[PDB]
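Report on the following structure.
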Amino acid sequence: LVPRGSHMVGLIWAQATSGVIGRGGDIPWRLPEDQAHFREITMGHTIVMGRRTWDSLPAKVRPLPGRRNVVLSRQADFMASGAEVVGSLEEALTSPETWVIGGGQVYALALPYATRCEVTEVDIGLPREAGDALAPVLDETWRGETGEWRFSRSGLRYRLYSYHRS
Ligand SMILES: NC(=O)c1ccc[n+]([C@@H]2O[C@H](COP(=O)([O-])OP(=O)(O)OC[C@H]3O[C@@H](n4cnc5c(N)ncnc54)[C@H](OP(=O)(O)O)[C@@H]3O)[C@@H](O)[C@H]2O)c1
Ligand SMILES: CCc1nc(N)nc(N)c1OCCCOc1ncccc1C#CCO
Ligand SMILES: [Cl-]
């Protein structure tokens, strides 16, 4: 349960088994089960994303519905129609429950404040290339639950992890 006076911070991402989450301004796969899972977890809460993740969303779909959208940027002239742009995590983490939805830079930025991670891992062989966005690495203060491999309608294995710390 989340007390309304708290500030719970979770990270949610999908990665290949290599840890790649992003390449060329996009996610280098599509997985409907992951899209459904992402929506189930985040709906009704504030979502925080880096400016490059906002850019990766088609204009027609953003801001993502049913959630307060907040975008992190250091550029004083970057604007996100329908959403709030702020310059720091201190400004972005004011709701009782916030999901940080990417990308690589913002996961690393938010990790010190996070107590939950929800991961989808896709069994697609995409080794790391220069310039890729990568999942954050989780140290021994975290404890994880790893689901068994499941099989998507699109013919990829995937599995879910849930990590927590105090
Ligand atoms: N598979 C997934 O789950 C997933 C999820 C989300 C995104 N992605 C993919 O990941 C990639 C994007 O990730 P990325 O690491 O390149 O960028 P990102 O983390 O989405 O955004 C980086 C931007 O956030 C701003 N930023 C970074 N640190 C900041 C700070 N301390 N304070 C204020 N603003 C800060 C900066 O914006 P300014 O340059 O405007 O200052 C920076 O350029 C894309 O390929 C995307 O498709 C994948
Ligand atoms: C659904 C992808 C995703 N999955 C998990 N598990 N965590 C995330 N943070 C996450 O990224 C959400 C922001 C980026 O979204 C997209 N980026 C590129 C192409 C499509 C989408 C989409 C969508 C909604 O269907
Ligand atoms: Cl969505």
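By order of appearance in the structure tokens: chains A, B, ..., then residues from 1 within every chain, and ligands from 1 in the order shown.
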- Set the cut-off to 6 Å, count only C-alpha atoms and all ligand atoms, and list whatever residues fall near ligand 2 as a PyMOL selection string. chain A and resi 12-14+26-27+34-35+38+56-57+101-102+120
Rows by chain and residue number, chain A within 9 Å of ligand 1, shortest pair, only C-alpha atoms and all ligand atoms, as a Markdown table:
| residue | atom | partner | partner_atom_place_in_ligand_line | distance |
| --- | --- | --- | --- | --- |
| A:12 | CA | ligand 1 | 3 (O) | 6.7 |
| A:13 | CA | ligand 1 | 3 (O) | 3.4 |
| A:14 | CA | ligand 1 | 3 (O) | 3.8 |
| A:15 | CA | ligand 1 | 1 (N) | 5.3 |
| A:16 | CA | ligand 1 | 1 (N) | 8.1 |
| A:20 | CA | ligand 1 | 1 (N) | 7.4 |
| A:21 | CA | ligand 1 | 1 (N) | 3.9 |
| A:22 | CA | ligand 1 | 45 (O) | 3.4 |
| A:23 | CA | ligand 1 | 45 (O) | 4.6 |
| A:24 | CA | ligand 1 | 45 (O) | 5.8 |
| A:25 | CA | ligand 1 | 45 (O) | 3.8 |
| A:26 | CA | ligand 1 | 47 (O) | 3.3 |
| A:27 | CA | ligand 1 | 47 (O) | 4.4 |
| A:28 | CA | ligand 1 | 47 (O) | 7.8 |
| A:29 | CA | ligand 1 | 1 (N) | 8.5 |
| A:38 | CA | ligand 1 | 3 (O) | 8.9 |
| A:49 | CA | ligand 1 | 20 (O) | 6.0 |
| A:50 | CA | ligand 1 | 21 (O) | 3.4 |
| A:51 | CA | ligand 1 | 23 (C) | 4.4 |
| A:52 | CA | ligand 1 | 21 (O) | 4.0 |
| A:53 | CA | ligand 1 | 20 (O) | 3.9 |
| A:54 | CA | ligand 1 | 20 (O) | 7.0 |
| A:55 | CA | ligand 1 | 20 (O) | 8.2 |
| A:56 | CA | ligand 1 | 47 (O) | 5.4 |
| A:57 | CA | ligand 1 | 47 (O) | 7.9 |
| A:71 | CA | ligand 1 | 24 (O) | 7.7 |
| A:72 | CA | ligand 1 | 34 (N) | 4.3 |
| A:73 | CA | ligand 1 | 34 (N) | 3.7 |
| A:74 | CA | ligand 1 | 41 (O) | 3.5 |
| A:75 | CA | ligand 1 | 41 (O) | 4.8 |
| A:76 | CA | ligand 1 | 41 (O) | 8.4 |
| A:77 | CA | ligand 1 | 40 (O) | 8.8 |
| A:78 | CA | ligand 1 | 40 (O) | 6.4 |
| A:86 | CA | ligand 1 | 33 (C) | 7.0 |
| A:87 | CA | ligand 1 | 33 (C) | 4.2 |
| A:88 | CA | ligand 1 | 32 (N) | 4.5 |
| A:89 | CA | ligand 1 | 32 (N) | 6.7 |
| A:100 | CA | ligand 1 | 6 (C) | 8.8 |
| A:101 | CA | ligand 1 | 6 (C) | 5.5 |
| A:102 | CA | ligand 1 | 6 (C) | 3.6 |
| A:103 | CA | ligand 1 | 20 (O) | 3.4 |
| A:104 | CA | ligand 1 | 15 (O) | 3.4 |
| A:105 | CA | ligand 1 | 19 (O) | 3.7 |
| A:106 | CA | ligand 1 | 19 (O) | 4.1 |
| A:107 | CA | ligand 1 | 19 (O) | 6.7 |
| A:108 | CA | ligand 1 | 19 (O) | 8.2 |
| A:109 | CA | ligand 1 | 31 (N) | 6.3 |
| A:110 | CA | ligand 1 | 31 (N) | 8.8 |
| A:119 | CA | ligand 1 | 3 (O) | 8.1 |
| A:120 | CA | ligand 1 | 3 (O) | 8.0 |
| A:131 | CA | ligand 1 | 16 (O) | 8.1 |
| A:132 | CA | ligand 1 | 45 (O) | 7.1 |
| A:133 | CA | ligand 1 | 15 (O) | 4.9 |
| A:134 | CA | ligand 1 | 15 (O) | 7.3 |
| A:135 | CA | ligand 1 | 3 (O) | 8.0 |
- Polymer residues at most 10 Å from residue A:93, only C-alpha atoms, same-chain spacing of 2 or more positions, as a ChimeraX atom specification: /A:7-9,46-48,70,88-91,95-100,110,113
Write a file of the selected residues as a compact mmCIF listing (two decimals), in the first residue's frame, keeping N, CA and C atoms.
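Heads up, here's the output in again-v6.txt:
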# COMPACT_ATOMS: atom_id res chain seq x y z
N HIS A 7 6.26 9.36 -0.88
CA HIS A 7 6.69 9.59 -2.26
C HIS A 7 7.37 8.32 -2.75
N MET A 8 6.55 7.36 -3.17
CA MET A 8 7.07 6.10 -3.68
C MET A 8 7.53 6.29 -5.12
N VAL A 9 8.71 5.77 -5.42
CA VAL A 9 9.31 5.88 -6.74
C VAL A 9 9.61 4.48 -7.25
N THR A 46 1.45 9.08 -11.73
CA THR A 46 2.34 9.98 -12.46
C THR A 46 3.42 9.16 -13.13
N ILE A 47 3.72 9.51 -14.39
CA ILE A 47 4.83 8.92 -15.12
C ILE A 47 5.85 10.02 -15.42
N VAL A 48 7.12 9.69 -15.20
CA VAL A 48 8.23 10.61 -15.41
C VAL A 48 9.13 10.01 -16.47
N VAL A 70 5.13 13.79 -16.89
CA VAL A 70 6.17 14.75 -16.52
C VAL A 70 7.42 14.40 -17.32
N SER A 88 14.47 18.73 -12.82
CA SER A 88 15.10 17.90 -11.80
C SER A 88 14.12 16.84 -11.33
N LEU A 89 14.68 15.79 -10.73
CA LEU A 89 13.85 14.78 -10.09
C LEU A 89 13.13 15.34 -8.87
N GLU A 90 13.74 16.30 -8.17
CA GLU A 90 13.06 16.92 -7.03
C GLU A 90 11.72 17.52 -7.45
N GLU A 91 11.68 18.14 -8.63
CA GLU A 91 10.42 18.69 -9.12
C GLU A 91 9.49 17.62 -9.66
N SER A 95 4.29 13.46 -6.50
CA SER A 95 3.08 12.66 -6.30
C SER A 95 3.34 11.55 -5.29
N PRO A 96 2.28 10.94 -4.75
CA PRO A 96 2.50 9.81 -3.83
C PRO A 96 3.12 8.59 -4.50
N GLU A 97 2.77 8.32 -5.76
CA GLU A 97 3.30 7.17 -6.48
C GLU A 97 3.73 7.63 -7.86
N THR A 98 5.01 7.46 -8.17
CA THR A 98 5.55 7.86 -9.46
C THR A 98 6.24 6.68 -10.10
N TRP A 99 5.98 6.48 -11.39
CA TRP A 99 6.69 5.51 -12.20
C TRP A 99 7.59 6.25 -13.16
N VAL A 100 8.89 5.98 -13.06
CA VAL A 100 9.88 6.47 -14.01
C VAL A 100 9.88 5.49 -15.17
N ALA A 110 17.25 8.32 -11.41
CA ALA A 110 16.20 8.08 -10.41
C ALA A 110 16.51 6.93 -9.48
N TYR A 113 16.59 6.94 -5.55
CA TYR A 113 15.35 7.21 -4.83
C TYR A 113 14.34 6.09 -4.98
- Message: Neighbours of ligand 3 at 10 Å or closer, counting only C-alpha atoms and all ligand atoms: which residues, as a PyMOL selection string?
- Response: chain A and resi 35-43+57+61-67
Could you save the residues just selected, with N, CA, C and O atoms, as a PDB file, in the first residue's frame?
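Output (again_12.pdb):
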ATOM      1  N   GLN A  35       3.520  -4.015 -23.695  1.00  0.00           N
ATOM      2  CA  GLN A  35       2.693  -2.818 -23.706  1.00  0.00           C
ATOM      3  C   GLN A  35       1.531  -2.952 -22.725  1.00  0.00           C
ATOM      4  O   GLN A  35       1.241  -2.011 -21.972  1.00  0.00           O
ATOM      5  N   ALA A  36       0.879  -4.121 -22.691  1.00  0.00           N
ATOM      6  CA  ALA A  36      -0.236  -4.316 -21.771  1.00  0.00           C
ATOM      7  C   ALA A  36       0.232  -4.219 -20.324  1.00  0.00           C
ATOM      8  O   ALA A  36      -0.420  -3.578 -19.491  1.00  0.00           O
ATOM      9  N   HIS A  37       1.358  -4.862 -20.012  1.00  0.00           N
ATOM     10  CA  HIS A  37       1.912  -4.858 -18.661  1.00  0.00           C
ATOM     11  C   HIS A  37       2.287  -3.446 -18.224  1.00  0.00           C
ATOM     12  O   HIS A  37       1.997  -3.026 -17.099  1.00  0.00           O
ATOM     13  N   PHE A  38       2.954  -2.703 -19.109  1.00  0.00           N
ATOM     14  CA  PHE A  38       3.313  -1.318 -18.818  1.00  0.00           C
ATOM     15  C   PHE A  38       2.083  -0.495 -18.456  1.00  0.00           C
ATOM     16  O   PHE A  38       2.094   0.275 -17.487  1.00  0.00           O
ATOM     17  N   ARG A  39       1.007  -0.648 -19.230  1.00  0.00           N
ATOM     18  CA  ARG A  39      -0.226   0.083 -18.946  1.00  0.00           C
ATOM     19  C   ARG A  39      -0.842  -0.350 -17.625  1.00  0.00           C
ATOM     20  O   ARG A  39      -1.330   0.486 -16.853  1.00  0.00           O
ATOM     21  N   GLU A  40      -0.850  -1.661 -17.351  1.00  0.00           N
ATOM     22  CA  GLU A  40      -1.472  -2.143 -16.118  1.00  0.00           C
ATOM     23  C   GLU A  40      -0.783  -1.556 -14.894  1.00  0.00           C
ATOM     24  O   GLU A  40      -1.446  -1.181 -13.922  1.00  0.00           O
ATOM     25  N   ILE A  41       0.547  -1.459 -14.932  1.00  0.00           N
ATOM     26  CA  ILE A  41       1.308  -0.977 -13.781  1.00  0.00           C
ATOM     27  C   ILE A  41       1.157   0.531 -13.619  1.00  0.00           C
ATOM     28  O   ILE A  41       1.000   1.040 -12.504  1.00  0.00           O
ATOM     29  N   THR A  42       1.227   1.275 -14.720  1.00  0.00           N
ATOM     30  CA  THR A  42       1.343   2.724 -14.609  1.00  0.00           C
ATOM     31  C   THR A  42       0.012   3.465 -14.566  1.00  0.00           C
ATOM     32  O   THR A  42      -0.010   4.622 -14.137  1.00  0.00           O
ATOM     33  N   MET A  43      -1.082   2.851 -15.004  1.00  0.00           N
ATOM     34  CA  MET A  43      -2.330   3.589 -15.160  1.00  0.00           C
ATOM     35  C   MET A  43      -2.759   4.222 -13.845  1.00  0.00           C
ATOM     36  O   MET A  43      -2.732   3.579 -12.792  1.00  0.00           O
ATOM     37  N   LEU A  57       8.065   9.108 -28.517  1.00  0.00           N
ATOM     38  CA  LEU A  57       6.639   8.823 -28.642  1.00  0.00           C
ATOM     39  C   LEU A  57       6.075   9.583 -29.833  1.00  0.00           C
ATOM     40  O   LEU A  57       6.285  10.794 -29.936  1.00  0.00           O
ATOM     41  N   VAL A  61       0.271  10.222 -29.955  1.00  0.00           N
ATOM     42  CA  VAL A  61      -0.037   9.431 -28.764  1.00  0.00           C
ATOM     43  C   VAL A  61       0.288  10.145 -27.464  1.00  0.00           C
ATOM     44  O   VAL A  61      -0.167   9.696 -26.399  1.00  0.00           O
ATOM     45  N   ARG A  62       1.045  11.217 -27.508  1.00  0.00           N
ATOM     46  CA  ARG A  62       1.507  11.822 -26.276  1.00  0.00           C
ATOM     47  C   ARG A  62       0.699  13.080 -25.963  1.00  0.00           C
ATOM     48  O   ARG A  62       0.247  13.779 -26.877  1.00  0.00           O
ATOM     49  N   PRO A  63       0.464  13.400 -24.680  1.00  0.00           N
ATOM     50  CA  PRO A  63       0.886  12.659 -23.487  1.00  0.00           C
ATOM     51  C   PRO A  63       0.141  11.339 -23.353  1.00  0.00           C
ATOM     52  O   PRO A  63      -0.991  11.211 -23.814  1.00  0.00           O
ATOM     53  N   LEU A  64       0.776  10.359 -22.736  1.00  0.00           N
ATOM     54  CA  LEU A  64       0.134   9.064 -22.580  1.00  0.00           C
ATOM     55  C   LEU A  64      -1.096   9.205 -21.678  1.00  0.00           C
ATOM     56  O   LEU A  64      -1.014   9.835 -20.614  1.00  0.00           O
ATOM     57  N   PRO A  65      -2.244   8.663 -22.067  1.00  0.00           N
ATOM     58  CA  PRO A  65      -3.487   8.970 -21.346  1.00  0.00           C
ATOM     59  C   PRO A  65      -3.593   8.256 -20.008  1.00  0.00           C
ATOM     60  O   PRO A  65      -2.967   7.224 -19.761  1.00  0.00           O
ATOM     61  N   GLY A  66      -4.424   8.827 -19.140  1.00  0.00           N
ATOM     62  CA  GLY A  66      -4.740   8.227 -17.859  1.00  0.00           C
ATOM     63  C   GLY A  66      -3.683   8.393 -16.799  1.00  0.00           C
ATOM     64  O   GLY A  66      -3.815   7.803 -15.719  1.00  0.00           O
ATOM     65  N   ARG A  67      -2.634   9.167 -17.080  1.00  0.00           N
ATOM     66  CA  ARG A  67      -1.486   9.325 -16.203  1.00  0.00           C
ATOM     67  C   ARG A  67      -1.002  10.760 -16.335  1.00  0.00           C
ATOM     68  O   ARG A  67      -0.992  11.306 -17.438  1.00  0.00           O
TER      69      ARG A  67
END
- Task: Return as number ranges by chain the full set of residues in chain A whose backbone-based DSSP assignment is alpha helix (DSSP H).
- Result: A: 32-42, 51-56, 89-92, 104-110
Could you write those residues out with N, CA and C atoms, as a PDB file, in the first residue's frame?
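Listed below is the output, selection33.pdb:
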ATOM      1  N   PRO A  32       3.505  -6.898 -27.622  1.00  0.00           N
ATOM      2  CA  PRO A  32       2.199  -6.480 -27.075  1.00  0.00           C
ATOM      3  C   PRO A  32       2.009  -6.810 -25.601  1.00  0.00           C
ATOM      4  N   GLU A  33       2.502  -7.964 -25.146  1.00  0.00           N
ATOM      5  CA  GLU A  33       2.373  -8.305 -23.734  1.00  0.00           C
ATOM      6  C   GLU A  33       3.085  -7.287 -22.860  1.00  0.00           C
ATOM      7  N   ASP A  34       4.189  -6.724 -23.351  1.00  0.00           N
ATOM      8  CA  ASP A  34       4.876  -5.705 -22.577  1.00  0.00           C
ATOM      9  C   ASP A  34       4.095  -4.403 -22.558  1.00  0.00           C
ATOM     10  N   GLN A  35       3.520  -4.015 -23.695  1.00  0.00           N
ATOM     11  CA  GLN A  35       2.693  -2.818 -23.706  1.00  0.00           C
ATOM     12  C   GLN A  35       1.531  -2.952 -22.725  1.00  0.00           C
ATOM     13  N   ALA A  36       0.879  -4.121 -22.691  1.00  0.00           N
ATOM     14  CA  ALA A  36      -0.236  -4.316 -21.771  1.00  0.00           C
ATOM     15  C   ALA A  36       0.232  -4.219 -20.324  1.00  0.00           C
ATOM     16  N   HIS A  37       1.358  -4.862 -20.012  1.00  0.00           N
ATOM     17  CA  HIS A  37       1.912  -4.858 -18.661  1.00  0.00           C
ATOM     18  C   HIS A  37       2.287  -3.446 -18.224  1.00  0.00           C
ATOM     19  N   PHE A  38       2.954  -2.703 -19.109  1.00  0.00           N
ATOM     20  CA  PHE A  38       3.313  -1.318 -18.818  1.00  0.00           C
ATOM     21  C   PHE A  38       2.083  -0.495 -18.456  1.00  0.00           C
ATOM     22  N   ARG A  39       1.007  -0.648 -19.230  1.00  0.00           N
ATOM     23  CA  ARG A  39      -0.226   0.083 -18.946  1.00  0.00           C
ATOM     24  C   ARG A  39      -0.842  -0.350 -17.625  1.00  0.00           C
ATOM     25  N   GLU A  40      -0.850  -1.661 -17.351  1.00  0.00           N
ATOM     26  CA  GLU A  40      -1.472  -2.143 -16.118  1.00  0.00           C
ATOM     27  C   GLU A  40      -0.783  -1.556 -14.894  1.00  0.00           C
ATOM     28  N   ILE A  41       0.547  -1.459 -14.932  1.00  0.00           N
ATOM     29  CA  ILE A  41       1.308  -0.977 -13.781  1.00  0.00           C
ATOM     30  C   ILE A  41       1.157   0.531 -13.619  1.00  0.00           C
ATOM     31  N   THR A  42       1.227   1.275 -14.720  1.00  0.00           N
ATOM     32  CA  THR A  42       1.343   2.724 -14.609  1.00  0.00           C
ATOM     33  C   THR A  42       0.012   3.465 -14.566  1.00  0.00           C
ATOM     34  N   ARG A  51      13.494  13.634 -21.655  1.00  0.00           N
ATOM     35  CA  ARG A  51      13.100  14.349 -22.864  1.00  0.00           C
ATOM     36  C   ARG A  51      13.242  13.475 -24.106  1.00  0.00           C
ATOM     37  N   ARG A  52      14.292  12.645 -24.170  1.00  0.00           N
ATOM     38  CA  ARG A  52      14.475  11.813 -25.358  1.00  0.00           C
ATOM     39  C   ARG A  52      13.412  10.730 -25.459  1.00  0.00           C
ATOM     40  N   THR A  53      12.877  10.283 -24.324  1.00  0.00           N
ATOM     41  CA  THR A  53      11.773   9.333 -24.361  1.00  0.00           C
ATOM     42  C   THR A  53      10.481  10.002 -24.824  1.00  0.00           C
ATOM     43  N   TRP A  54      10.213  11.223 -24.357  1.00  0.00           N
ATOM     44  CA  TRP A  54       9.098  11.982 -24.914  1.00  0.00           C
ATOM     45  C   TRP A  54       9.230  12.106 -26.429  1.00  0.00           C
ATOM     46  N   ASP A  55      10.436  12.428 -26.913  1.00  0.00           N
ATOM     47  CA  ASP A  55      10.648  12.575 -28.356  1.00  0.00           C
ATOM     48  C   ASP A  55      10.353  11.280 -29.102  1.00  0.00           C
ATOM     49  N   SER A  56      10.601  10.130 -28.466  1.00  0.00           N
ATOM     50  CA  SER A  56      10.423   8.837 -29.123  1.00  0.00           C
ATOM     51  C   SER A  56       8.957   8.453 -29.255  1.00  0.00           C
ATOM     52  N   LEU A  89      14.680  15.789 -10.734  1.00  0.00           N
ATOM     53  CA  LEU A  89      13.849  14.781 -10.087  1.00  0.00           C
ATOM     54  C   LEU A  89      13.127  15.339  -8.873  1.00  0.00           C
ATOM     55  N   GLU A  90      13.738  16.295  -8.168  1.00  0.00           N
ATOM     56  CA  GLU A  90      13.060  16.916  -7.034  1.00  0.00           C
ATOM     57  C   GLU A  90      11.725  17.518  -7.452  1.00  0.00           C
ATOM     58  N   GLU A  91      11.677  18.136  -8.631  1.00  0.00           N
ATOM     59  CA  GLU A  91      10.419  18.689  -9.117  1.00  0.00           C
ATOM     60  C   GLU A  91       9.490  17.616  -9.661  1.00  0.00           C
ATOM     61  N   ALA A  92      10.042  16.513 -10.164  1.00  0.00           N
ATOM     62  CA  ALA A  92       9.225  15.504 -10.823  1.00  0.00           C
ATOM     63  C   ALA A  92       8.593  14.521  -9.851  1.00  0.00           C
ATOM     64  N   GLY A 104      17.394   5.566 -20.536  1.00  0.00           N
ATOM     65  CA  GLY A 104      18.582   5.107 -19.823  1.00  0.00           C
ATOM     66  C   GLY A 104      19.139   6.133 -18.856  1.00  0.00           C
ATOM     67  N   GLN A 105      19.250   7.385 -19.302  1.00  0.00           N
ATOM     68  CA  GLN A 105      19.778   8.422 -18.422  1.00  0.00           C
ATOM     69  C   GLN A 105      18.879   8.619 -17.216  1.00  0.00           C
ATOM     70  N   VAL A 106      17.566   8.658 -17.439  1.00  0.00           N
ATOM     71  CA  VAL A 106      16.665   8.961 -16.340  1.00  0.00           C
ATOM     72  C   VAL A 106      16.546   7.794 -15.358  1.00  0.00           C
ATOM     73  N   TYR A 107      16.627   6.540 -15.826  1.00  0.00           N
ATOM     74  CA  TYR A 107      16.669   5.425 -14.877  1.00  0.00           C
ATOM     75  C   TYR A 107      17.857   5.560 -13.937  1.00  0.00           C
ATOM     76  N   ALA A 108      19.032   5.869 -14.492  1.00  0.00           N
ATOM     77  CA  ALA A 108      20.230   5.992 -13.669  1.00  0.00           C
ATOM     78  C   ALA A 108      20.087   7.145 -12.685  1.00  0.00           C
ATOM     79  N   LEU A 109      19.483   8.247 -13.136  1.00  0.00           N
ATOM     80  CA  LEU A 109      19.247   9.407 -12.284  1.00  0.00           C
ATOM     81  C   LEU A 109      18.309   9.076 -11.131  1.00  0.00           C
ATOM     82  N   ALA A 110      17.246   8.320 -11.407  1.00  0.00           N
ATOM     83  CA  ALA A 110      16.204   8.082 -10.413  1.00  0.00           C
ATOM     84  C   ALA A 110      16.511   6.928  -9.478  1.00  0.00           C
TER      85      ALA A 110
END
- Query: What are the DSSP strand (DSSP E or B) residues of stretch 59-96 of chain A, as number ranges by chain?
  - Reply: A: 68-72, 84-86
- Write out as a PyMOL selection string the residues lying within 12 Å of residue A:139, counting only C-alpha atoms and excluding same-chain residues fewer than 3 positions away. chain A and resi 111-112+136+142-144+163-165
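Between atom CA of residue A:145 and atom CA of residue A:162 the interatomic distance comes to 5.2 Å.
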- Item | One-decimal distance in Å that lies between atom CA of residue A:129 and atom CA of residue A:156 |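 Computing it gives 21.1 Å between the two atoms.
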- Return the single residue from A:45, A:128, A:68, A:150 that is closest to residue A:10, with distances computed using only C-alpha atoms.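 Distance minimum relative to residue A:10 lands on A:45.
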